[PDB]
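Colleague: got a sequence here, can you model it:
(chains A and B)
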Protein chains: 2
Amino acid sequence: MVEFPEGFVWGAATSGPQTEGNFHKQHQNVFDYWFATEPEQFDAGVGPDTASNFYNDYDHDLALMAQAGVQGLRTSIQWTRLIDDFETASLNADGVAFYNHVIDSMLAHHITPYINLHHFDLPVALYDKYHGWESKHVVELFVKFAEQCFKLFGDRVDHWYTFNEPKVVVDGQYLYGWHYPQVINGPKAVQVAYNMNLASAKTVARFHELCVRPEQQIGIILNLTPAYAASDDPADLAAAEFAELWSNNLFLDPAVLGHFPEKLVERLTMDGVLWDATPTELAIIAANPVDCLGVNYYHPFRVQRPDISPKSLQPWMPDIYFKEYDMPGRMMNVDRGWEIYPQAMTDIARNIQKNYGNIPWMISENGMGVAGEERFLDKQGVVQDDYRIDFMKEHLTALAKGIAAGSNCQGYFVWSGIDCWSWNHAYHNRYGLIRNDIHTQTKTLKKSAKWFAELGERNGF
Amino acid sequence: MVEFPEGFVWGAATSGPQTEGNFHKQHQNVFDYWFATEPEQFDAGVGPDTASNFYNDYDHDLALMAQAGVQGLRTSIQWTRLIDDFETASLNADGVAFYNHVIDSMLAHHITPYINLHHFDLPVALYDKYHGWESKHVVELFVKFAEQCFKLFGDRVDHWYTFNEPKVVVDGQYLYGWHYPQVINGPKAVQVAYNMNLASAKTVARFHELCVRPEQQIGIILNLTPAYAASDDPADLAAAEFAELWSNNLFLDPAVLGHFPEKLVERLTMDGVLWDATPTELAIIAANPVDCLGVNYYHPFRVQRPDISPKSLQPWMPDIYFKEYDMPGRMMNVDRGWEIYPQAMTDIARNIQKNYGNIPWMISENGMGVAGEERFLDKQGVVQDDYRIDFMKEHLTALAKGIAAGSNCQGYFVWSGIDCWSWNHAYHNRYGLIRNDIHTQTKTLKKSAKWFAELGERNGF
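Modeller: Numbers count the residues shown, from 1 in each chain, chains lettered A, B, ... in the order given. And now the structure:
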């Protein structure tokens, strides 16, 4: 029935910090330091120090991933593992060697590399010295690190990305306490948002200057979940308008259109919390859009009025203009507390098609997490994750309507290939196609793994 | 100024479960299952799943130990890693290759291998099915595993040990809650003590049927801390008399003399808690004493009369005869809670000389744990553990007096070579000549490492 374009890319996504372990890693990133000082904040006291042991198990991990039909693996290079001196971007000898092994072994196992340069993993040294992404100097050193990744690995890596979801670094580090250093400052968060867009653009710039070869392309990875209004009442549609500008156009528009959405920059100006920008910088943004887009989606987002007036005396946060809304009769993943709504896949495809030039794009993350998968092991220790196959079917179908309506969707990357470490939640929820018993680092394909191998061969289901 | 016999061995000690991590291990031992189920029972939530990463980094680890002057290394083979099916002692192909890999790497780094067979690490599946060491069938299974160790590795391992401190298994599993399964039952513990003495003895027999060359010796590692009476008050002397029989003679006599100490068995019989033994079993125990003895010593032990009469009706426990005593004016390692008393080294040496035939013996464990050693890092990141050097000087001085009086001590093994995982205390206390930063598994010689290398080349200090 459901069929997909020819040459569609079927793949899996993770990150360096969530798989490698900190084995011989020279530098602490913000999560490394958080767990070393406050392990209480991590599920079951499980931190990143071993994660899914990718640093040691990479060759067989790649073999199993290919067995589960992963044609392309999207992961990330750790700034804190690759670089010795952050100011000069000198190379850590062991770190470069490791990433060569990984990339060589990806290729030997017939898996297309997709390398993301940054996944929530700021070096904590650069926060202590410069306050991290608040500093346009740190921005310059991200580029220096990106330049190094380009020279060392650009020979066999085609597909790069500047960031995975800068919004979550903004939200997490500066608004809502999710990421160490857990700063709660709205105005600071706005500058961080700007600064990360500046960095992604300057990284596209140097990428294209240091790229000769035409199949090489660099994109960015954003979550583009719409902000659905809670009703048609003007107050709610205005909350949905801002929340859309704030959660999506803040990054989508500078990344793809080359400028910030002017309704948004207007509102931040009227509020006196607009970022410090310069026309040189804004012209760098404008000159270097991304070559493609990766789209993350998991669950919808719905929005109503704020309870009190945005002009009330309170510290500035974006949240003063909208409140989350729970829709009655919603379909829920009850244990995880998320709404299920594959229709947003179709909306996202349309939005890119019409308002974003139908720029080449993929779904770079989509998947379902479940706790306690042992409950579903069969007699040969294979998780019977029928729920996981159902979820992919509903969401791939919705994706297919958008493709058919003419949306330029080139691939689909599952979260995740192998169970991996989910920040403070660590291993509470399991998303893999492949189970990891983290006590032994023994890995085993779930049932969904042979279904995904079958999906990639039929190019449909 | 203090010098040691020519040929004296300068070693280091650990165990498999405290170093390897559980990477790709087939079976859980009781500590693995304990951590998997009750991680809150372990310091900072650190369990044995990674420990000191010895599975992955054994080659560079032994090179560090070679640098720190380890001429001989004693560690353990995990039953739960070597054996596929416990009933048959069939081999796990991957576990056999690992231990081959570490032994050969030991020789390649000019480290003499000293292989212990068991270090608190009973397969949990054998506790579930048979109640572990309470089962003489489990005794037989242990011998079939020992036999496999000898046939696979005897060709290049000369020095074997049946057990590390079986008393800690008896106390830990059956008396005081220290080890999972946390059974509290005197009578059972008495039987376990017997069963492990019998298992050790059948192993020696099997070893002597399979050992070729005359350099091949097998022994047992016991803690021989004396039980010093609190005073000359007769009740205090009777408490030391029984504490000595129970904590030392219960294992020393069967292992070296071939029989259990008669006053103890008379005591256990009157109390109705004696073990089930058969004359055939006692005959094996009489005919297969060890070739040599490993002695562990850390802190002394003092005993006074019990608060209440041992005739009080209460569950039977060896403690109904003695209570620990705190000597006023004692010398203390205040943070660890242990008295410092090097003189016990000399007392121990005398006891072996006077009463145990001056059997060849070694100090197989001696060391000093300190918490938070990062507070003593110098400029170049080398721990300045002068305290650890002072500790070794004091105890080695006591040792040398014992040797000079004619005791047949042939080596000194420091606990530990590299910082290793200390059961529920995990890495709260560090004992190594070499630091392990357990977040990154990066290891670095301490100052004691250099002093110990120099100690071995001077054979004295």
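Colleague: tell me which other helices or strands the helix or strand hosting residue A:207 touches.
Modeller: According to DSSP states H and E, residue A:207 maps onto helix A:186-209. When contacts are defined as 3 or more C-beta pairs under 8 Å, 6 or more residues apart in numbering or on different chains; DSSP states H and E, helix A:186-209 packs onto helix A:136-153, strand A:159-164, helix A:166-170, strand A:217-223, helix A:250-252, helix A:279-287. Backbone N, C-alpha and C define where each C-beta goes, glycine included.
Colleague: which SS class is the residue of the stretch 251-400 of chain A found nearest chain B?
Modeller: The nearest approach of the stretch 251-400 of chain A to chain B comes at residue A:374, 11.0 Å away (C-beta to the nearest C-beta). Three-state call for residue A:374 (DSSP: H, G, I helix; E, B strand; the rest coil): helix.
Colleague: quick check: it vs residue A:382, distance?
Modeller: 12 Å (C-beta to C-beta, to the nearest Å).
Colleague: what comes up buried for stretch A:219-232?
Modeller: Using 16 or more other C-beta atoms under 10 Å in any protein chain shown as the test for burial, stretch A:219-232 gives A:219-230.
Colleague: with respect to chain B, which of these is nearest?
Modeller: residue A:221 (27.7 Å).
Colleague: pretty sure that closest one is touching residue A:297, no?
Modeller: No. Counting by C-beta atoms under 8 Å, residue A:221 does not reach residue A:297; the two are 11.4 Å apart.
Colleague: shared neighbours of the two, anything?
Modeller: Both residue A:221 and residue A:297 are in contact with residue A:365, where contact means C-beta atoms under 8 Å, 6 or more residues apart in numbering or on different chains.
Colleague: how far off centre is the strand or helix carrying residue A:63?
Modeller: Assigned by DSSP H and E, residue A:63 belongs to helix A:54-67. Put simply, helix A:54-67 sits 21 Å off its chain's centre (C-alpha atoms, centre = their mean, to the nearest Å).
Colleague: ok, now stretch A:266-278?
Modeller: With C-alpha atoms, centre = their mean, you get 26 Å for stretch A:266-278.
Colleague: and for stretch A:55-73?
Modeller: So, by C-alpha atoms, centre = their mean, the centroid of stretch A:55-73 is 20 Å from its chain's centroid.
Colleague: comparing residue A:374 and residue A:382, which shows the higher neighbour count?
Modeller: Counted by other C-beta atoms under 10 Å in any protein chain shown, residue A:374 and residue A:382 do not tie: residue A:382 has more neighbours, with 17 against 11.
Colleague: list the contacts of that one.
Modeller: A:444-447.
Colleague: in helices only, show me those residues.
Modeller: Judged by DSSP state H, the subset of those located in helices is residue A:447.
Colleague: of the contacts of residue A:382 - the most surrounded one?
Modeller: residue A:446 (25 neighbours).
Colleague: give the burial count for the closest residue to that one other than its chain neighbours, as a bare number.
Modeller: Leaving aside its chain neighbours, residue A:446 sits nearest to residue A:383 (4.0 Å; criterion: C-beta to C-beta, 6 or more residues apart in numbering or on different chains). Neighbourhood size, residue A:383 [other C-beta under 10 Å]: 25.
Colleague: what does residue A:270 give?
Modeller: The burial count for residue A:270: 9, using other C-beta under 10 Å.
Colleague: got the residues of the stretch 1-150 of chain A near chain B?
Modeller: A:22-25, A:28, A:32, A:35-36, A:39, A:44-47, A:49-50, A:53, A:56 (C-beta under 8 Å from any C-beta of the partner chain).
Colleague: can we see that at 10 Å?
Modeller: Residues of the stretch 1-150 of chain A lying near chain B by C-beta under 10 Å from any C-beta of the partner chain: A:21-28, A:32-33, A:35-36, A:39-40, A:42, A:44-50, A:53, A:55-57, A:60.
Colleague: re the thing from before, of all the helices and strands packed on helix A:186-209, which lies closest to residue A:202?
Modeller: When these are compared by C-beta to C-beta, helix A:136-153 sits nearest residue A:202, at 5.0 Å.
Colleague: in that closest one, which residues are buried?
Modeller: A:136, A:138-139, A:141-150, A:152-153.
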